[PDB]
Structures are given as C-alpha cells and as structure tokens.
Amino acid sequence: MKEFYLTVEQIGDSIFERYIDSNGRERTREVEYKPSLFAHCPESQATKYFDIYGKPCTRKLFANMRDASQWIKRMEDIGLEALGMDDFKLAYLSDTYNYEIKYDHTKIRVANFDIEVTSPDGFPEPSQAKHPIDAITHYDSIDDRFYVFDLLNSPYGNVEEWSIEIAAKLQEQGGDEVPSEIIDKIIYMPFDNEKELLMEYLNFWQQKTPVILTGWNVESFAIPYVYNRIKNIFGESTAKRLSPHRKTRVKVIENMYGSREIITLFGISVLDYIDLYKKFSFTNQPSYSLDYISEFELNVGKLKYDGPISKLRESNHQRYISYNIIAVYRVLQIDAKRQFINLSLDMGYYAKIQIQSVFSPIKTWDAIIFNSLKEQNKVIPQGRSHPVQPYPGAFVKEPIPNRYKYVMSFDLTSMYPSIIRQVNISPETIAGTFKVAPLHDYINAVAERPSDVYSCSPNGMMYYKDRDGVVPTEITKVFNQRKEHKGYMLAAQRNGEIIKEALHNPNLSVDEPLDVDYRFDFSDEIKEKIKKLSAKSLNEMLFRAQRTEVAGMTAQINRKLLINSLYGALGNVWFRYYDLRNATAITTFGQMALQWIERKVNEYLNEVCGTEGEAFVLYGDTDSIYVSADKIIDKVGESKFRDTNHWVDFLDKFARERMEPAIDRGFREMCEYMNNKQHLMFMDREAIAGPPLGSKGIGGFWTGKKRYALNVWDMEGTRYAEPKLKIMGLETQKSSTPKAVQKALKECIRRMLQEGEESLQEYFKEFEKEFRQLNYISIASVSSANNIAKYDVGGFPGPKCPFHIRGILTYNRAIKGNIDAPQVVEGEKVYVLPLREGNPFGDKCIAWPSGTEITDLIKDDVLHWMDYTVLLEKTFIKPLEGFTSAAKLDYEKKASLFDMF
DNA sequence: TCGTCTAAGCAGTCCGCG
DNA sequence: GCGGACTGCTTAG
Ligand SMILES: [Ca+2]
Ligand SMILES: [Ca+2]
Ligand SMILES: [Ca+2]
Ligand SMILES: [Ca+2]
Ligand SMILES: [Ca+2]
Ligand SMILES: [Ca+2]
C-alpha cells in the first residue's frame, strides 16, 4: 500500500513523524529536514522558480529549520520579502507525500476517552488536579475495546468492584442497561491505589498510543486533568509520556473576555468531539452537555441517578462506572451518525495538514494552495500584517409584510464560489481597475461596458481571462466533491419520502428490511417490494435512509463550508492571500447578480401575464429570489386542479420549462456584460409553497428581512409525503426561545399556513389556558453568558446590566456560601426565568446553568415565584402578535354583529 | 467563544420626548 | 409608551 502520515511535529531542528509504512505498520521517525525558502532574483538568471506573479526567484537551502527561521527575521530587518512555506512541517509533508493521499482509516488509532474525578468542594479544576482520578474509560478503535480503569480505594471512599453482570441487566432489574452490543468489548481493570492505576494507564498509552484523540470536553477537561494529576503525583517527565515524543506545551487560549489553558501533546492530534460538533453540525444548542446532545442526536434517555455526582461513587459505584462507560459509547454513537471524524480525516489528508488543523480553514486553504502551486514550481508570497477593515456584503430586499399564498423560490448554486470561478478571482489574476458607475447602473444595464479585454466585477476590479487562477482551480475541485455528496444526500431524502408514503399501508406480515444503497434513487423493483413490506421493516428502512441522508449532509454541507470559507479567508487579515479588493469583488458582483435577476424575472413574468410594472419577486436574500405565483395559479384557475399535488406539478413544470430558461438567458447576458471568463450563475427552483387545495390556509407570510414562513410541498426535487414548514429567522428557529414556546409557535404557524384564522384562534385560546402547567425548564429562556464580572458590582447589577446577567447575579446571591451548588461558567449558556414582584431573591429574574435542573435548595422557591404572565407575554404573545399582524389576521376572535344571537 | 466573512433581526438598558 | 443610541445575542445568507 501507499504510505501516509499519521502525525507530524517540528521539535527544534527535527521533524518527528508518525506514519503508516508500505506494509501497513505504524512507525515513527526523526528527520533532520532541510527546508527551502526563496528570494526574488534578477531577470538574467536561469531559474525554474517563479512567484505567483511570474517574477523569478532563487531557492535558498538551509542547513536546518532554525537557520531558515533566522533568515526570515533578517529579511524583515532588511525589508525584503521572504517567500515560501514558512510552516516547515507543511513543506515536509508536501515533499514526503507528493501524490494524492489514500489513507486506510482501519490503521489509524482513534481513541475516545473519559475520566471521573470525585470532588466534595466543587468543580475539580484541571490546572490544580488536587483530587484522585477514580475512573478512566478508554475506547481504542483498532482493538475495538473499552478499557476500564477503576479505582477501588480513595480518600473519598473504598468501594467494591464493578460487576459486568449487573451492568448488563435492565434498569427494571436494578441494572445499568449498558448496551448488550458493547458488553463483550469491555476489558475491566480494578486498582488498589491511584498510583498503580495511573502507571498502568501510562504503560497502556505507550502500547496503544492514540493518533486521533477525542471524547467530550477532553481538550478543556480530561487531558489537562490527567496531565496535571500525573505531574503532581510523579513529576513532569512522567506526565510527558502522554506525548510519544515526550514533548508538551501548556498553551493559552485567548479571546475577548479572558483566557484558559490547554496542554498540547506533540505527536497526538486532539479533536475534541464538542468542538467537532460545534463546527460541523450546523446546530445551535441550548446546552452542550453530553447528556443533552445524546438525547438530541440519538433519542436516548438521560443517564439517571440520585444525589449529586460528588456522592455518586460512594453511594453507587456500580452505576458510577457503568455511566462512565456509557458516556464513552455515546460519543462513538454520535460519530457513527454524524461522521465528523471521517470528515476531518478526509479534509486533513486532502490538504496535507495536521488533522487538528481542520478547525482552521485559513490553515487548510493555505496548504491546499501551497501544494497546488508547488506542483508548478511556483513560490507562495510571504504573509503580511494588515489592519482589520470593514467591507460590504450581500444585498437583502425589504419585503412588504404580508401573507403570500403561492410562492416559488429560486437560488444560485454555491453562489460565492461560482462568482470566484466565473469572474476568475484570484491573487495572481488581478489585471487592473476600471472606473465604476453606481451599482444600479449595472443592474439596469445602462452603464458603459467595463472592459473588452478582461473579466469584471462591478466594484471596479478586472481579471485575466487567459488562464484560471489558483483560487478558481482549487475551489472547483472541492466544489465538485460537494456536488457528488449533495447528490447522495438528496437521493436518500427522496428515498425516505418513498418509505413514508408506503408506511400509510403497511402489510400484515413478518419480513426483513431490503438490502439497498440509499444513496441512489430506488429502482422500480425496489419500490414494488417496499409496497409489500411490514411496518417494522419499513421503519427500519426509514431509519437507515435517514442515517444515509445525515451522512450525505455532513459530507456535503462541510465541503460547502470549506469553499465558502475560502471566500471568507480573502477577508481575514491572517490569510496569506487576504485582499479586500477580491473579497469585495465577490460580494459586489453578488449584489449585482441578485438585483439583475430580480429585474429579469419581473420583466419575464410581466410579459407572460400581460401586465406592466408589477412586482412578482417579493423578496430576496444574497442569492435567492421569492416569486409570487398567485397570478400563475389564477390564470388556469384553482377549480381546474384535482388536488394539491396537481398544482404543485404544474408550478414545478412551469418553473423548470419556462422560468429557468428565462433566468439562464438573463444571467448569460450579465456574463457577457461583465466579460466574465465562464457563465456559472445557475439558479434553480428551490421551494414550491402554498396552502392545501380547498383549505383556508394562508400558505406563507413575511414579517421582514430574514423572517418568514412557508408551507412547502416540494424542495429541490423532493416531493414530501406531508407538507413541511420552512420557517426562517422566526422565534421557532432560535435557541434562545423556550422549548415549549418554540413548539407552540410552530403549531400556530402550521395552523395559519395550512388551516387558517379560526384554527389559529382555537389553538391560541387553549395554549393560554394550559401553559402554566408546562415544566419550568420547557418555558425557560436561554442565553450565552459573557462578561459576568464586568456587570457584577458587589453581587448586584452594575450600569447597563443585561437581563440574563442580572439573572446570574440573582442566582449567585441565592447560592452564596456554597462551593457545592453548580456555578455559572463564564461564556457558557444559562436558562433564564422572570420572577414575580416581592420574591425572596430580590430581583426580577434568575438564571442557572443550561441543560440542568436548578439546585434543589432554591428550586421550590423559583417554581413558586416564576412569573408566568411575563413569560407568556414576552416569549409567546409578542412574537405571535408579530406573525399575525404581518399576515393580516387575528389570534383572538373579534366581536361581530352575530354575537346578538 | 481558538478556528472564514457581512447583513440584520429582536431583547433589553438608558433616556429623551414639553 | 415609543424609538434612537447602544450592547448583547442569534439568526440568514
Ligand atoms: Ca461524568
Ligand atoms: Ca445558494
Ligand atoms: Ca439548489
Ligand atoms: Ca403495503
Ligand atoms: Ca440561498
Ligand atoms: Ca426598542
């Protein structure tokens, strides 16, 4: 097999590399890598190296990496550009793996671990590590085993051995319900004392050294705790055995409000699963506890126990250990679903970077571009300092707030990456500038043609047309990968809808789910067999289809994220290729494109309808347009339609055969006007929306920019078994809105769009009457909590104190004295509830850590003093008032002359 | 929240507005 | 009470 790296580090003048050799064996080597850098040289000098602008360069070969680094400094002292890859390990990888890497994940040791630490006096601080580590569960992907290290004797209590037999039993048998599928994979090791546990753990770690290290909060908690505890007990040299090169660094992580410390283990790639999840999941969660996320992702029940976790080991050590094992397994289950480790490996090996660098699109793109240019003997420029400067973004149309009955939406495929490719926007393709007219002059095609030679953007920039820039070339490769995975995702989605339909008529039989690839549209033979299956088999197939769709979603949306982040990197001062001329060229072309096509679509539809000056495009944001189809439906007449699906087919046909060709023509003209390199503005129909045929539903409404709801029957070619609400920006979509209020507002919207005013009024009247019974957590607001210190003046709110911070300060006073009740953590999330006048807490609200029950000593008082009236008015009635006034209807029945009877 | 970008919404504080 | 200046937070792209 072809060799591939696992990890790479620079330590002084050595590169330390762990890798898989040609026989599939893990090896480690130390290499005295001699880097090269470059300087500009005179024209009359036969070199093969040229900078990205075609200027000749001479290669400088250094005796060692420190010499190269010293040379860079002196070049700054002189005031001359020092060209080339200054991150020497990336140059090492490029030289060592000069081919497309094919990796074998089965050879990469992926470790998932979690530790337990009993602490009587509050949260056990990793930097102090003053309490014994009393449990470690470490899952190894190569062995496929959970290694359990269990401390039986501690200053906080001596306990009996954990029993695998009780662990496997149902909770109704007094057991822990450790999943049967992992029972045989547990290797249990009890220990008489902490010193022997840790020494054995280090010997184990040496035998089975993680390449990828993950878990939940491992970077902020488990790793620094283990490191510091070993350091405290045994000394520094022993703690450094966590690094296969015996090198570590205490690294400070800084932001706006303060800083924290993590341990860098040289030769390990730490990918904390919480960080993978936050970057790649495209969720915003009220809480990031593993328990909360596991429930959300897997629909598993909360890991339940009595008393505080600080007394769990001594009260129920059996459960204590079982829950530690289950916690490790939960992370593996989330990854089986979301596949973020797979994603990270794919991206890391593609770019030829340290796997942990996948968190940084700037590092990722720097390496992709460097490797690309190196292939042509071209030399990358030196990174420079730039001051942060604001620059303009997308256009968003101001909608008229209203109901909108029939709506068709259209959207540009991968807009900004397509603009880059179409215009040929790249650091080395800049050709010059032209004199800019106001944007509306280009939008209305009255401005002079910018250039007869170069490819243009309406911000004044011109680009070469003779060859593709490196940015268009590399962005195209990732875009093409994204396109493939989006295809699999959408097929799985369509396949899912086939199963949902069949589930309406499940056969009374005993059978099996079909063995199929859900990434491909089901054949006619599969569709025929599906119609004969039982509900059991259909449900299992639906689960599998939805898992395939999730897998596809991860792969496609994060490739989209990467290419969109290359645009973003052009506007980030730390990117080697930062250039606000290119960043604004992209965004300004984008503004033109949307408003250009708005004009074209209006002109086309006014023509086919025989009207003048009427606005069919009701809304647009960045690269999308929303087209009122009322007049199209009214031209055939509603009475002519057999059912909802009949008018959906008609609009689908109209959009594909009439609108899209008109849109394509409009964009081809715009491409010619700007003299672009290649027409790539492809705007396809997205949603078909409207009320159910014969109903009183309003179909859709807009309240303002970035705030609307639509009843959608077909989305990007997926025809739903049941209509789906597409709600953007409204309170139902915000993590700050209480869970039960999100649910109630969504039902109000469903009724508005599908059923009408009377239905909405029935539901509102019931929610208002019953809501006081809702669980306090389900009606609590949520917020991030930054700068608690700033607003704390002797335990009381200072000037301009935010409402949620005020709640935290109330909480802090109520739990004062306790180093056992949960503390609010700076920068994390809190639940917030309003408090009625005259309460014992002495303020108008209280806040506590999100994803948790409020501590029992104040729980009863919070419950007694909760202000349900304020809660209802603020989270539910206020937003609903906004929805209903925009849609021109009433959530409460107004008086009529019929009341006389 | 270490980690690519801008546009823009709403909640809330403070305070004017005769 | 509203809304403007402002902070804070959270969305849509
Ligand atoms: Ca735990
Ligand atoms: Ca798009
Ligand atoms: Ca599309
Ligand atoms: Ca059937
Ligand atoms: Ca869009
Ligand atoms: Ca206001």
Side-chain angles (χ1 to χ4, degrees), chain A residues 219-220 251-262 264 270-272 274-276 278-280 282 284 286 288 356-366 388-398 411-412 415-416 560-575 577-578 580 582-584 586-588 590-591 594 619-624 703-708 726-737 781-787 790-791 797-807 825-830 832 844-845 874-875 878-879 882:
Chain A
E219 196 179 69
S220 64
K251 189 215 263 196
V252 70
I253 302 294
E254 296 177 36
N255 60 4
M256 292 168 282
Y257 332 107
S259 77
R260 58 186 186 93
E261 265 148 35
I262 69 163
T264 301
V270 178
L271 305 173
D272 194 333
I274 197 171
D275 295 319
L276 294 174
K278 282 169 183 178
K279 187 170 180 65
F280 296 133
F282 292 84
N284 194 10
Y288 289 89
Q356 70 269 31
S357 289
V358 300
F359 292 108
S360 171
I362 283 159
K363 186 58 93 175
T364 304
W365 279 113
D366 198 41
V388 174
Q389 284 191 309
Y391 72 93
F395 175 80
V396 183
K397 182 182 170 69
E398 189 76 68
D411 179 70
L412 286 156
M415 195 213 201
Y416 283 13
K560 165 181 170 179
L561 173 62
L562 183 60
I563 58 179
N564 285 346
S565 295
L566 178 52
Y567 148 72
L570 296 166
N572 177 296
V573 297
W574 302 100
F575 193 41
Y577 310 100
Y578 171 78
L580 289 187
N582 289 341
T584 68
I586 294 158
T587 62
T588 308
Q591 289 212 19
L594 179 60
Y619 183 69
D621 182 340
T622 307
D623 70 332
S624 69
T703 82
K705 290 183 183 178
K706 299 181 189 284
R707 283 180 66 86
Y708 61 92
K726 184 195 190 201
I727 304 166
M728 310 308 300
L730 308 185
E731 280 72 9
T732 56
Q733 312 309 110
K734 296 182 75 69
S735 70
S736 48
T737 301
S781 296
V782 180
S783 188
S784 299
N786 301 302
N787 291 297
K790 172 182 270 184
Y791 293 105
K800 279 181 170 61
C801 183
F803 189 85
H804 61 287
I805 303 304
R806 181 181 291 271
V825 180
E826 165 70 34
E828 284 183 43
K829 286 186 192 187
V830 290
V832 188
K844 65 175 170 174
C845 60
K874 271 157 48 167
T875 66
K878 253 265 204 173

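Letters go in sequence order (proteins before strands), and every chain restarts at 1.
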Sign of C1'-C2'-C3'-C4' decides it: give me the sugar pucker of B:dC5, north or south. north
State the sugar conformation of B:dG9 as north or south, using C1'-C2'-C3'-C4' as the deciding torsion. north
Looking only at heavy atoms, what is the nearest atom pair of [X] and [Y], with distance?
X        : Y        : result
A:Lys800 : A:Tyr791 : O-CE2, 3.3 Å
A:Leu561 : A:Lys279 : CD2-O, 4.0 Å
A:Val832 : A:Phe803 : CG1-CE2, 3.9 Å

For A:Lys790 and for A:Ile727, locate the closest nucleotide of DNA chain C by heavy-atom distance; then report the residue assigned to the nucleotide nearer the 5' terminus. A:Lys790
How is A:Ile262 classified with respect to the nucleic acid when contacts are heavy atoms under 4.0 Å: base, sugar-phosphate, or nothing? base
Report yes if the side chains of A:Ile805 and A:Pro797 come closer than 4.5 Å at any heavy-atom pair, otherwise no. no
What does nucleotides 8-16 of chain B look like as a protein-contact string, B for base, S for sugar-phosphate only, - for none, at under 4.0 angstrom between heavy atoms? SBS-SSS--
Rounded off to whole Å, could you give me the [atom1]-to-[atom2] distance for the [X] and [N] pair?
X        : N      : atom1 : atom2 : value
A:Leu730 : C:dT11 : CG    : P     : 13 Å
A:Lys829 : C:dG8  : NZ    : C1'   : 13 Å
A:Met256 : C:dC9  : CE    : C1'   : 11 Å

Suppose we screen for side-chain hydrogen bond (donor to acceptor under 3.5 Å, both in side chains). Which residues come up paired with A:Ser784, at least two apart in sequence or across chains? none
Does any N or O donor sit under 3.5 Å from an N or O acceptor when you compare the side chain of A:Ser784 with the base of B:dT1? yes
Starting at the 5' end of DNA chain B and moving along, which residue's nearest nucleotide shows up first, A:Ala785 or A:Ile362? A:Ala785
Identify which one of A:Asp623, A:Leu594, A:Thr622 satisfies the side chain to side chain contact (heavy atoms under 4.5 Å, CB included) criterion when paired with A:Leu412. A:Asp623
